[PDB]
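Worksheet for the structure shown next.
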Amino acid sequence: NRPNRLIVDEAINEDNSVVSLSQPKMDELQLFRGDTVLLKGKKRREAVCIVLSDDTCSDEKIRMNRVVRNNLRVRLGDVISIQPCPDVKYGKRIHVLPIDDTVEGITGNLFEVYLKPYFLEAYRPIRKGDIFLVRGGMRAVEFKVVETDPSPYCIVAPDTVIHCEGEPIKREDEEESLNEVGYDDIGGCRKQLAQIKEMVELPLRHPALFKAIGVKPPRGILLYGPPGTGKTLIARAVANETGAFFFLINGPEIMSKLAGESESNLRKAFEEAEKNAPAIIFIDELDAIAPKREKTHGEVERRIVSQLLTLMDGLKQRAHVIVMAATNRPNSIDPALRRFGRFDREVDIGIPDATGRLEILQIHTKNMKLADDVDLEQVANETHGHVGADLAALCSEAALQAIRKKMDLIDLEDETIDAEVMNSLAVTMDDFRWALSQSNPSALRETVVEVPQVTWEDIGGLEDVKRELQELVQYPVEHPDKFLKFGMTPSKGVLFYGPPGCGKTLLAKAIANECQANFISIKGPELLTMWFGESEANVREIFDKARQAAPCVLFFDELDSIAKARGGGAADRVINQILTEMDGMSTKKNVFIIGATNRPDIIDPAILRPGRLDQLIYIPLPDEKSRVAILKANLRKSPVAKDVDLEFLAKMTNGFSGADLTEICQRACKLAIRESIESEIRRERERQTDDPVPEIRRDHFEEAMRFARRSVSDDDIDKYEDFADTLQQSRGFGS
Amino acid sequence: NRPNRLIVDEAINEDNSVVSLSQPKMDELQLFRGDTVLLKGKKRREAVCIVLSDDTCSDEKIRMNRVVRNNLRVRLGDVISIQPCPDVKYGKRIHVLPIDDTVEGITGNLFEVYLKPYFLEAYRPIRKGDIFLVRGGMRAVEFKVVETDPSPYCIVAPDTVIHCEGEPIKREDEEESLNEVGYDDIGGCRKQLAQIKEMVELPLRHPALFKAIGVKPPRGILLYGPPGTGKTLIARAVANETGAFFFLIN
Ligand SMILES: Nc1ncnc2c1ncn2[C@@H]1O[C@H](COP(=O)(O)OP(=O)(O)OP(O)(O)=S)[C@@H](O)[C@H]1O
Ligand SMILES: Nc1ncnc2c1ncn2[C@@H]1O[C@H](COP(=O)(O)OP(=O)(O)OP(O)(O)=S)[C@@H](O)[C@H]1O
Ligand SMILES: Nc1ncnc2c1ncn2[C@@H]1O[C@H](COP(=O)(O)OP(=O)(O)OP(O)(O)=S)[C@@H](O)[C@H]1O
Ligand SMILES: [Mg+2]
Ligand SMILES: [Mg+2]
Ligand SMILES: [Mg+2]
């Protein structure tokens, strides 16, 4: 039917009165950016909005904020009709009232703090019956438009009168709160959130459709990841955005009950959910109820486990119910639960990446007034090893710091703290740097999986090797069809070998960056850390996380460290298992394995077998051209004098490794800083009785050159040159 | 708010009759090292003290001992008004009485042992109703100034007479014991104790803020370390210094 009908989608402009279409659709229904559009949703409600163009928006979809989304009584995936509305006229009076539960903690002049800057210069199209949201004074309050003089909808011009008559109204039964959790409250893990969204939309959102079809949906989705990553958060969001009934099972609470009551509460939970289908039963801290079969020693505890198992099987009802569960330790869960027909789907909600943490930070600073000096992206880059909860907490603590120092002044009369005072409250970048020092990040020891920021431009020379890496890794990803036509499947892995400090580690990260694929680094020593017993299970989890992160490059660095320890029964079991995991790794899975070693003489020939690390790429010391590129790359970030001759520098340093060059750069720079520090003191002495000299000069290099030493001896090189010729012969007898 | 208003902080000078300000603030209130200042706290109470300069003290704050802090019915972080007092006069007679629980173990001449050397060459500014503490004989007794002939406040000069009726008084309802635990009984780990003071001060001292702000405080503070490092000690001190209700789960 008609073109005006459109599908609801996530928002990009967090602004309430803004909806977005594609320019091809904005042309189709003949609307432009300024236009005010009228939206008709379900439950016979209307909302009016400013339309805009959005390059990301698919033409059959309409991006609307969750505020708009609620006013229509609509959710993601539903259909709404959009139509131009030039008939909108400026208001005389608008009468908005707050909702009690969103203000009962806060006092002051609601009209002057929130409505004022919200409508000022905003020209917001509003509608009678709409509920809009204003964030400020570290609080978010929602007002409902009770009346407009040009009803039902009017624009809010500066001329318009806006009144609030004191006492707030209660929430209507149908009016979902915006204080509630949503997808816009979760960041940095889109990919996982997508999979969860996929599995659950079809059965929950369209229940009759799935009962009629007779094909099986997922019923048990298991969320796992480190603590505080937002597992409990996600479950609530999915339930609210789909509008499904949400029944919470808090692990500890169930297991805190008597024997009989525990099994009972489980039964009641499932029964009530089947009753109010569609629903999500969420089991938080599952390992509390159902740990490994051995550790469950204590018989009543085993009864509860089986009880749960019967209830999960009890989804024979298939009343449109999904059971979600969260756990810190996937390994702790009774494997009986991860059986088919129960918790069959697993989502790794990992630690957030750099961009992710930034996103998180933005969500928990929404309501706070931040000073201009605050650069959350900087905070984001510094907060490595931080998890969602760490960030949410540090944001809270940075706020409480800003509160305390600003309450030193208010303390002269602590009785009257107002919202007006709260909006005046600014949060300095210092308040954040403060919270950083006070932060106790949990996930520093967690294995990180993200796309590296080392690019080709950080690596000097080896240009043709970069291209061979593009052949081996990038082409089979971006051009699978092409490999199919030639009838060849690509090699699984590569082995870097060469003298120390030539860029083997950089290359592994480099090719990853080019392919925009995830990266996993595993150093030799890291593998010898695992207890004798633990090692077997930990290796398997590594290859599993590589699958999760496909397309992914798995890099085993510093293999020399392991090779030493074997010729040692511990290190041996590890590698044999790594070998086994490679073979189990299907080539089709888009998981690429790279090895690196400074010791090609002792590497296990079994690794070099066809199908494993069969691509033997030798990485030698840099020649004269490369040495220039290396020195340039490292010193990009450094303020260098035009005096410095690097090509002359290159010839002098023949025999030096890539690392040996960064050695000279750092050594020369430390003199430059040494000079900068001793000069500030001299300037200090001169004032006691403005033109600093921050730039590195020729003698600094000439001094560093004077003390520079070589990491790779000549005898070592001559052997390395030989191994470049005979490495592939090691599968026979020892060369 | 007038400059006389100031915020209460930790003490550095262990002396009862001593308070400290920043000298830039001591200049503002036009006071010198010797001066005798009058302090007004909550419960419409007064205490009088000798002022000093302290470079570490922040200009908006006043360092006062827990003896002073108690006589004002005030706790750390609160506000008090300080004002010069030139009208301070030498005492004629002073009538101090011990508090029962602080003396019931020891007998003898309480006045010659405690009150005498405490006031000797002391020129202490004292006040009617104030409770001060004197330590000696491996015990600490609290005395309450019941009467001074120059009321309500007077200095204790060598000329001044000191009286005791022997009969001790019972503790009044609001009068906290100085036998109670405090930060002044804890040492060697201020840095940790600083963190603990911060986490807890805002949520505990200003509860009203947290209903309005809607931001989360800490809820669970876990102290750890080898046995006897003062974990239990810190917790009680925090409870007393903040005046919060304390429920123990051993
Ligand atoms: N990805 C995220 N985006 C936004 N906020 C997050 C994110 N992850 C965690 N948080 C915050 O962390 C806090 C705790 O979230 P939870 O869901 O309870 O953590 P969790 O994953 O359930 O960890 P548990 O309790 O050990 S199972 C919430 O207040 C969130 O705001
Ligand atoms: N081609 C290069 N371009 C720029 N810097 C390099 C290059 N090669 C080595 N380096 C420097 O040497 C450091 C480490 O190089 P790696 O990538 O680890 O090479 P490697 O073969 O793994 O040798 P090691 O034993 O791990 S240092 C880097 O941090 C660089 O600063
Ligand atoms: N830092 C300190 N300052 C003053 N007194 C201390 C300090 N540390 C320990 N003490 C004394 O040592 C005693 C023990 O104090 P506690 O706080 O109970 O130790 P603890 O941390 O509870 O150790 P436990 O009983 O093994 S948990 C008290 O009598 C204190 O007076
Ligand atoms: Mg939780
Ligand atoms: Mg390396
Ligand atoms: Mg103890």
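Residues are named by chain letter and number: chains run A, B, ... in the order of the structure tokens, numbers start at 1 in each chain, and ligands are numbered from 1 in the order shown.
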Taking 4 positions as the minimum chain separation for residues in the same chain, which residues sit within 6 Å of range 278-283 of chain A when counting only C-alpha atoms? Answer as a compact mmCIF listing (two decimals) with N, CA, C and O atoms, in the first residue's frame.
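The resulting result14.txt:
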# COMPACT_ATOMS: atom_id res chain seq x y z
N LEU A 204 9.18 -13.26 19.89
CA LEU A 204 8.53 -12.44 20.92
C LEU A 204 7.63 -11.40 20.30
O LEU A 204 6.54 -11.13 20.79
N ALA A 244 7.86 -7.41 25.98
CA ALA A 244 7.58 -8.71 26.57
C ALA A 244 7.50 -8.62 28.10
O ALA A 244 8.10 -7.73 28.71
N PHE A 245 6.80 -9.57 28.71
CA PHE A 245 6.72 -9.64 30.16
C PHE A 245 8.04 -10.13 30.73
O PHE A 245 8.62 -11.09 30.22
N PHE A 246 8.50 -9.47 31.78
CA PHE A 246 9.81 -9.73 32.35
C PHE A 246 9.69 -10.27 33.77
O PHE A 246 9.22 -9.59 34.67
N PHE A 247 10.12 -11.52 33.94
CA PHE A 247 10.15 -12.15 35.25
C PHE A 247 11.59 -12.42 35.64
O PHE A 247 12.28 -13.20 34.99
N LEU A 248 12.04 -11.77 36.71
CA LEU A 248 13.41 -11.89 37.17
C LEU A 248 13.63 -13.05 38.15
O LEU A 248 12.86 -13.24 39.09
N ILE A 249 14.67 -13.82 37.89
CA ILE A 249 15.16 -14.83 38.82
C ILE A 249 16.57 -14.45 39.26
O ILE A 249 17.54 -14.69 38.53
N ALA A 273 5.13 -16.60 33.93
CA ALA A 273 5.63 -16.15 32.64
C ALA A 273 4.83 -16.74 31.48
O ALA A 273 4.48 -16.04 30.53
N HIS A 320 4.86 -18.23 24.18
CA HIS A 320 5.93 -17.51 23.52
C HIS A 320 6.86 -16.94 24.58
O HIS A 320 6.84 -15.75 24.88
N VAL A 321 7.70 -17.82 25.13
CA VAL A 321 8.60 -17.49 26.23
C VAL A 321 10.05 -17.82 25.92
O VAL A 321 10.39 -18.96 25.59
N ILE A 322 10.91 -16.82 26.10
CA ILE A 322 12.35 -17.01 26.02
C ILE A 322 12.90 -16.96 27.44
O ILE A 322 12.46 -16.14 28.25
N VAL A 323 13.83 -17.84 27.75
CA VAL A 323 14.52 -17.79 29.03
C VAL A 323 15.93 -17.30 28.76
O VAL A 323 16.66 -17.89 27.97
N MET A 324 16.28 -16.17 29.37
CA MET A 324 17.65 -15.67 29.29
C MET A 324 18.36 -15.89 30.62
O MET A 324 17.73 -15.94 31.67
N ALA A 325 19.67 -16.04 30.56
CA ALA A 325 20.44 -16.25 31.77
C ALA A 325 21.80 -15.60 31.66
O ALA A 325 22.38 -15.52 30.57
- Message: Using only C-alpha atoms and all ligand atoms, which residues have at least one atom no more than 9 Å from ligand 3? Output them as an NGL selection string.
- Response: :B and (183-190 or 223-236)
- Task: List the neighbours of residue 127 in chain B out to 8 Å using only C-alpha atoms; skip same-chain residues closer than 4 positions along the sequence, and give me the result as number ranges by chain.
- Result: B: 46-48, 145, 148, 151-154
- Message: Need the shell around residue 35 in chain A: protein/DNA/RNA residues with any atom at most 12 Å away, counting only C-alpha atoms. Skip same-chain ones fewer than 6 positions apart. Format as number ranges by chain?
- Response: A: 17-20, 26, 29, 48-53, 82-88, 123-125, 155
May I have the residues from that selection written out with C-alpha atoms, as a tab-separated table (two decimals), in the first residue's frame?
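Below you can see result.tsv, which holds the result:
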chain	number	residue	atom	x	y	z
A	17	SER	CA	11.59	16.20	18.37
A	18	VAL	CA	13.77	14.78	15.58
A	19	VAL	CA	12.98	11.87	13.29
A	20	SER	CA	15.06	10.83	10.28
A	26	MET	CA	12.67	12.24	1.81
A	29	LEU	CA	7.28	11.42	0.01
A	48	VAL	CA	4.55	15.52	15.48
A	49	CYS	CA	8.26	15.93	14.71
A	50	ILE	CA	10.96	17.72	12.74
A	51	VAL	CA	12.22	15.52	9.91
A	52	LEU	CA	15.84	15.27	8.81
A	53	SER	CA	18.02	13.41	6.35
A	82	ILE	CA	4.47	9.70	8.18
A	83	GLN	CA	2.87	12.64	6.40
A	84	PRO	CA	3.84	16.27	5.78
A	85	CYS	CA	2.26	18.86	8.09
A	86	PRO	CA	2.65	22.51	7.03
A	87	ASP	CA	-0.59	23.35	8.88
A	88	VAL	CA	1.30	23.63	12.19
A	123	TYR	CA	10.97	25.56	17.93
A	124	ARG	CA	9.92	22.07	18.92
A	125	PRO	CA	6.79	20.67	17.31
A	155	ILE	CA	5.24	24.71	17.45
- Can I get the residues close to ligand 5 as a list in words, where close means within 12 Å and we count only C-alpha atoms and all ligand atoms? residues 496, 499, 500, 501, 502, 503, 504, 505, 506, 507, 508, 509, 521, 522, 523, 524, 555, 556, 557, 558, 559, 560, 561, 595, 596, 597, 598, 658 and 659 of chain A
- Message: Taking only C-alpha atoms into account and nothing else, which residues of chain A lie no more than 12 Å away from chain B? Please answer as a ChimeraX atom specification.
- Response: /A:101-108,135-141,179,364-368,389,392-423,425,435,437-439
- Item | Cut-off 9 Å, only C-alpha atoms and all ligand atoms, neighbours of ligand 4 as an MDAnalysis selection string | chainID A and resid 227:228 230:233 250 284:285 326
Atoms to include: C-alpha atoms. Write the selected residues as a compact mmCIF listing (two decimals), in the first residue's frame.
# COMPACT_ATOMS: atom_id res chain seq x y z
CA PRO A 227 31.16 -9.04 35.87
CA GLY A 228 29.53 -5.67 35.23
CA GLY A 230 25.96 -5.18 31.32
CA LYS A 231 24.50 -8.66 31.10
CA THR A 232 21.64 -7.96 33.50
CA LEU A 233 21.26 -4.60 31.74
CA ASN A 250 18.00 -13.54 41.00
CA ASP A 284 20.71 -13.64 36.86
CA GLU A 285 23.80 -15.27 38.29
CA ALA A 326 23.58 -14.42 32.83
Name all residues at most 10 Å from residue 62 in chain B (count only C-alpha atoms; drop same-chain ones fewer than 4 positions away) and give them as an mmCIF file with C-alpha atoms, in the first residue's frame.
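What landed in out.cif:
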data_model
loop_
_atom_site.group_PDB
_atom_site.id
_atom_site.type_symbol
_atom_site.label_atom_id
_atom_site.label_comp_id
_atom_site.auth_asym_id
_atom_site.auth_seq_id
_atom_site.Cartn_x
_atom_site.Cartn_y
_atom_site.Cartn_z
ATOM 1 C CA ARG B 5 31.504 31.218 59.674
ATOM 2 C CA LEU B 6 33.978 28.368 59.150
ATOM 3 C CA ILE B 7 34.033 24.625 58.539
ATOM 4 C CA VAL B 8 35.227 22.124 61.163
ATOM 5 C CA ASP B 9 38.284 19.973 60.404
ATOM 6 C CA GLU B 10 40.784 17.582 62.038
ATOM 7 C CA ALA B 11 43.065 18.864 64.817
ATOM 8 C CA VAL B 19 42.070 25.868 67.564
ATOM 9 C CA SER B 20 43.870 26.686 64.325
ATOM 10 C CA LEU B 21 43.002 28.703 61.226
ATOM 11 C CA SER B 22 44.968 29.705 58.157
ATOM 12 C CA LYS B 25 42.018 33.954 57.547
ATOM 13 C CA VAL B 51 43.699 30.621 68.179
ATOM 14 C CA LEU B 52 46.843 29.789 66.190
ATOM 15 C CA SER B 53 48.038 29.861 62.598
ATOM 16 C CA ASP B 54 48.432 26.611 60.668
ATOM 17 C CA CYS B 57 44.710 24.489 57.263
ATOM 18 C CA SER B 58 42.549 25.595 54.333
ATOM 19 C CA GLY B 77 32.658 19.015 58.043
ATOM 20 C CA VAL B 79 29.967 24.937 60.132
ATOM 21 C CA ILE B 80 30.789 27.110 63.175
ATOM 22 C CA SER B 81 31.160 30.861 63.745
ATOM 23 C CA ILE B 82 34.405 32.214 65.214
#
Show me, as JSON lines, the residues of chain A having an atom within 9 Å of ligand 1, each with the closest atom pair and its distance in Å, using only C-alpha atoms and all ligand atoms.
{"residue": "A:183", "atom": "CA", "partner": "ligand 1", "partner_atom_place_in_ligand_line": "3 (N)", "distance": 8.9}
{"residue": "A:184", "atom": "CA", "partner": "ligand 1", "partner_atom_place_in_ligand_line": "4 (C)", "distance": 8.5}
{"residue": "A:185", "atom": "CA", "partner": "ligand 1", "partner_atom_place_in_ligand_line": "4 (C)", "distance": 5.4}
{"residue": "A:186", "atom": "CA", "partner": "ligand 1", "partner_atom_place_in_ligand_line": "3 (N)", "distance": 3.6}
{"residue": "A:187", "atom": "CA", "partner": "ligand 1", "partner_atom_place_in_ligand_line": "3 (N)", "distance": 4.4}
{"residue": "A:188", "atom": "CA", "partner": "ligand 1", "partner_atom_place_in_ligand_line": "1 (N)", "distance": 5.9}
{"residue": "A:189", "atom": "CA", "partner": "ligand 1", "partner_atom_place_in_ligand_line": "1 (N)", "distance": 6.5}
{"residue": "A:223", "atom": "CA", "partner": "ligand 1", "partner_atom_place_in_ligand_line": "21 (O)", "distance": 8.9}
{"residue": "A:224", "atom": "CA", "partner": "ligand 1", "partner_atom_place_in_ligand_line": "21 (O)", "distance": 8.2}
{"residue": "A:225", "atom": "CA", "partner": "ligand 1", "partner_atom_place_in_ligand_line": "21 (O)", "distance": 7.4}
{"residue": "A:226", "atom": "CA", "partner": "ligand 1", "partner_atom_place_in_ligand_line": "26 (O)", "distance": 7.2}
{"residue": "A:227", "atom": "CA", "partner": "ligand 1", "partner_atom_place_in_ligand_line": "26 (O)", "distance": 3.8}
{"residue": "A:228", "atom": "CA", "partner": "ligand 1", "partner_atom_place_in_ligand_line": "23 (O)", "distance": 3.3}
{"residue": "A:229", "atom": "CA", "partner": "ligand 1", "partner_atom_place_in_ligand_line": "8 (N)", "distance": 4.1}
{"residue": "A:230", "atom": "CA", "partner": "ligand 1", "partner_atom_place_in_ligand_line": "8 (N)", "distance": 3.4}
{"residue": "A:231", "atom": "CA", "partner": "ligand 1", "partner_atom_place_in_ligand_line": "21 (O)", "distance": 3.5}
{"residue": "A:232", "atom": "CA", "partner": "ligand 1", "partner_atom_place_in_ligand_line": "17 (O)", "distance": 3.6}
{"residue": "A:233", "atom": "CA", "partner": "ligand 1", "partner_atom_place_in_ligand_line": "17 (O)", "distance": 3.8}
{"residue": "A:234", "atom": "CA", "partner": "ligand 1", "partner_atom_place_in_ligand_line": "17 (O)", "distance": 6.8}
{"residue": "A:235", "atom": "CA", "partner": "ligand 1", "partner_atom_place_in_ligand_line": "17 (O)", "distance": 8.3}
{"residue": "A:236", "atom": "CA", "partner": "ligand 1", "partner_atom_place_in_ligand_line": "17 (O)", "distance": 8.8}
{"residue": "A:284", "atom": "CA", "partner": "ligand 1", "partner_atom_place_in_ligand_line": "27 (S)", "distance": 6.2}
{"residue": "A:285", "atom": "CA", "partner": "ligand 1", "partner_atom_place_in_ligand_line": "27 (S)", "distance": 5.7}
{"residue": "A:286", "atom": "CA", "partner": "ligand 1", "partner_atom_place_in_ligand_line": "27 (S)", "distance": 8.9}
{"residue": "A:326", "atom": "CA", "partner": "ligand 1", "partner_atom_place_in_ligand_line": "27 (S)", "distance": 5.9}
{"residue": "A:327", "atom": "CA", "partner": "ligand 1", "partner_atom_place_in_ligand_line": "27 (S)", "distance": 5.8}
{"residue": "A:328", "atom": "CA", "partner": "ligand 1", "partner_atom_place_in_ligand_line": "27 (S)", "distance": 6.2}
{"residue": "A:349", "atom": "CA", "partner": "ligand 1", "partner_atom_place_in_ligand_line": "21 (O)", "distance": 8.5}
{"residue": "A:351", "atom": "CA", "partner": "ligand 1", "partner_atom_place_in_ligand_line": "1 (N)", "distance": 8.5}
{"residue": "A:352", "atom": "CA", "partner": "ligand 1", "partner_atom_place_in_ligand_line": "1 (N)", "distance": 7.0}
{"residue": "A:356", "atom": "CA", "partner": "ligand 1", "partner_atom_place_in_ligand_line": "1 (N)", "distance": 7.7}
{"residue": "A:357", "atom": "CA", "partner": "ligand 1", "partner_atom_place_in_ligand_line": "1 (N)", "distance": 7.9}
{"residue": "A:359", "atom": "CA", "partner": "ligand 1", "partner_atom_place_in_ligand_line": "3 (N)", "distance": 7.6}
{"residue": "A:360", "atom": "CA", "partner": "ligand 1", "partner_atom_place_in_ligand_line": "4 (C)", "distance": 4.8}
{"residue": "A:361", "atom": "CA", "partner": "ligand 1", "partner_atom_place_in_ligand_line": "4 (C)", "distance": 7.8}
{"residue": "A:362", "atom": "CA", "partner": "ligand 1", "partner_atom_place_in_ligand_line": "4 (C)", "distance": 8.9}
{"residue": "A:363", "atom": "CA", "partner": "ligand 1", "partner_atom_place_in_ligand_line": "4 (C)", "distance": 6.5}
{"residue": "A:364", "atom": "CA", "partner": "ligand 1", "partner_atom_place_in_ligand_line": "31 (O)", "distance": 7.2}
{"residue": "A:387", "atom": "CA", "partner": "ligand 1", "partner_atom_place_in_ligand_line": "8 (N)", "distance": 6.6}
{"residue": "A:388", "atom": "CA", "partner": "ligand 1", "partner_atom_place_in_ligand_line": "8 (N)", "distance": 3.5}
{"residue": "A:389", "atom": "CA", "partner": "ligand 1", "partner_atom_place_in_ligand_line": "12 (O)", "distance": 3.5}
{"residue": "A:390", "atom": "CA", "partner": "ligand 1", "partner_atom_place_in_ligand_line": "12 (O)", "distance": 7.2}
{"residue": "A:391", "atom": "CA", "partner": "ligand 1", "partner_atom_place_in_ligand_line": "11 (C)", "distance": 7.4}
{"residue": "A:392", "atom": "CA", "partner": "ligand 1", "partner_atom_place_in_ligand_line": "11 (C)", "distance": 5.4}
{"residue": "A:393", "atom": "CA", "partner": "ligand 1", "partner_atom_place_in_ligand_line": "12 (O)", "distance": 7.7}
- Query: Looking only at the backbone, which of the residues in range 3-136 of chain B does DSSP tag as strand (DSSP E), as a PyMOL selection string?
  - Reply: chain B and resi 5-9+18-21+36-40+46-53+61-64+79-84+93-98+124-127+131-136
- Message: Between A:602, A:553, A:459, A:370, which residue has the minimum interatomic distance to residue 426 in chain A, considering only C-alpha atoms?
- Response: A:370
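Closest approach to ligand 2 among A:552, A:617, A:47, A:156 is made by A:617 (distances from only C-alpha atoms and all ligand atoms).
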- Message: At a cut-off of 10 Å, using only C-alpha atoms, what residues contact residue 137 in chain B? Leave out same-chain residues fewer than 3 positions from it and give the result as a PyMOL selection string.
- Response: chain B and resi 106+113-114+140
- Task: For range 167-182 of chain B, work out the shell of residues within 8 Å, counting only C-alpha atoms and skipping chain neighbours fewer than 6 positions away, then give it as number ranges by chain.
- Result: B: 66-67, 70, 97-101, 133, 140, 142, 233, 236-238, 240-241
I need the residues from that last selection saved to file as a PDB file, in the first residue's frame (with N, CA, C and O atoms), if you can.
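selection07.pdb was written with the following content:
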ATOM      1  N   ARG B  66      38.827  17.083  69.421  1.00  0.00           N
ATOM      2  CA  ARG B  66      37.540  16.414  69.609  1.00  0.00           C
ATOM      3  C   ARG B  66      36.868  16.869  70.905  1.00  0.00           C
ATOM      4  O   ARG B  66      35.660  16.712  71.074  1.00  0.00           O
ATOM      5  N   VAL B  67      37.656  17.410  71.827  1.00  0.00           N
ATOM      6  CA  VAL B  67      37.118  17.948  73.069  1.00  0.00           C
ATOM      7  C   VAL B  67      36.286  19.185  72.754  1.00  0.00           C
ATOM      8  O   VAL B  67      35.168  19.345  73.249  1.00  0.00           O
ATOM      9  N   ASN B  70      33.189  18.354  70.578  1.00  0.00           N
ATOM     10  CA  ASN B  70      32.094  17.852  71.393  1.00  0.00           C
ATOM     11  C   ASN B  70      31.394  18.957  72.173  1.00  0.00           C
ATOM     12  O   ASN B  70      30.170  18.981  72.252  1.00  0.00           O
ATOM     13  N   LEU B  97      33.544  19.372  88.058  1.00  0.00           N
ATOM     14  CA  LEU B  97      33.183  18.091  88.647  1.00  0.00           C
ATOM     15  C   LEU B  97      33.567  16.959  87.693  1.00  0.00           C
ATOM     16  O   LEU B  97      33.351  17.071  86.487  1.00  0.00           O
ATOM     17  N   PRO B  98      34.142  15.865  88.225  1.00  0.00           N
ATOM     18  CA  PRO B  98      34.433  14.720  87.357  1.00  0.00           C
ATOM     19  C   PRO B  98      33.159  14.044  86.876  1.00  0.00           C
ATOM     20  O   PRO B  98      32.098  14.247  87.467  1.00  0.00           O
ATOM     21  N   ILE B  99      33.267  13.254  85.813  1.00  0.00           N
ATOM     22  CA  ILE B  99      32.154  12.442  85.341  1.00  0.00           C
ATOM     23  C   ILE B  99      32.363  11.016  85.856  1.00  0.00           C
ATOM     24  O   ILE B  99      33.442  10.444  85.703  1.00  0.00           O
ATOM     25  N   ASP B 100      31.324  10.465  86.481  1.00  0.00           N
ATOM     26  CA  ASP B 100      31.421   9.221  87.249  1.00  0.00           C
ATOM     27  C   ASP B 100      32.184   8.077  86.568  1.00  0.00           C
ATOM     28  O   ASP B 100      33.122   7.530  87.149  1.00  0.00           O
ATOM     29  N   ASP B 101      31.789   7.720  85.348  1.00  0.00           N
ATOM     30  CA  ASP B 101      32.353   6.551  84.662  1.00  0.00           C
ATOM     31  C   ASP B 101      33.850   6.697  84.374  1.00  0.00           C
ATOM     32  O   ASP B 101      34.529   5.713  84.075  1.00  0.00           O
ATOM     33  N   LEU B 133      39.137  17.309  79.066  1.00  0.00           N
ATOM     34  CA  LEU B 133      39.732  16.011  79.364  1.00  0.00           C
ATOM     35  C   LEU B 133      41.193  16.166  79.781  1.00  0.00           C
ATOM     36  O   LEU B 133      41.977  16.842  79.110  1.00  0.00           O
ATOM     37  N   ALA B 140      42.157   8.597  81.772  1.00  0.00           N
ATOM     38  CA  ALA B 140      41.673   9.868  81.266  1.00  0.00           C
ATOM     39  C   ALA B 140      40.321  10.170  81.878  1.00  0.00           C
ATOM     40  O   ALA B 140      39.399   9.361  81.810  1.00  0.00           O
ATOM     41  N   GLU B 142      37.123  13.023  82.416  1.00  0.00           N
ATOM     42  CA  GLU B 142      36.452  14.162  81.817  1.00  0.00           C
ATOM     43  C   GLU B 142      35.865  15.007  82.934  1.00  0.00           C
ATOM     44  O   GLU B 142      35.173  14.488  83.813  1.00  0.00           O
ATOM     45  N   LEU B 233      38.801  -0.996  64.275  1.00  0.00           N
ATOM     46  CA  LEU B 233      38.967   0.316  64.883  1.00  0.00           C
ATOM     47  C   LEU B 233      38.449   1.416  63.981  1.00  0.00           C
ATOM     48  O   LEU B 233      37.689   2.281  64.411  1.00  0.00           O
ATOM     49  N   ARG B 236      34.497   1.736  63.703  1.00  0.00           N
ATOM     50  CA  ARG B 236      33.790   2.367  64.806  1.00  0.00           C
ATOM     51  C   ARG B 236      34.056   3.862  64.839  1.00  0.00           C
ATOM     52  O   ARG B 236      33.157   4.656  65.111  1.00  0.00           O
ATOM     53  N   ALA B 237      35.295   4.242  64.566  1.00  0.00           N
ATOM     54  CA  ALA B 237      35.663   5.646  64.574  1.00  0.00           C
ATOM     55  C   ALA B 237      34.826   6.377  63.545  1.00  0.00           C
ATOM     56  O   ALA B 237      34.293   7.453  63.814  1.00  0.00           O
ATOM     57  N   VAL B 238      34.713   5.782  62.367  1.00  0.00           N
ATOM     58  CA  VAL B 238      33.936   6.377  61.296  1.00  0.00           C
ATOM     59  C   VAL B 238      32.503   6.564  61.763  1.00  0.00           C
ATOM     60  O   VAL B 238      31.852   7.549  61.427  1.00  0.00           O
ATOM     61  N   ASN B 240      31.404   6.949  64.917  1.00  0.00           N
ATOM     62  CA  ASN B 240      31.319   7.982  65.940  1.00  0.00           C
ATOM     63  C   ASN B 240      31.529   9.377  65.370  1.00  0.00           C
ATOM     64  O   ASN B 240      30.814  10.311  65.727  1.00  0.00           O
ATOM     65  N   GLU B 241      32.514   9.517  64.488  1.00  0.00           N
ATOM     66  CA  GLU B 241      32.873  10.827  63.954  1.00  0.00           C
ATOM     67  C   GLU B 241      31.793  11.386  63.034  1.00  0.00           C
ATOM     68  O   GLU B 241      31.647  12.599  62.896  1.00  0.00           O
TER      69      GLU B 241
END
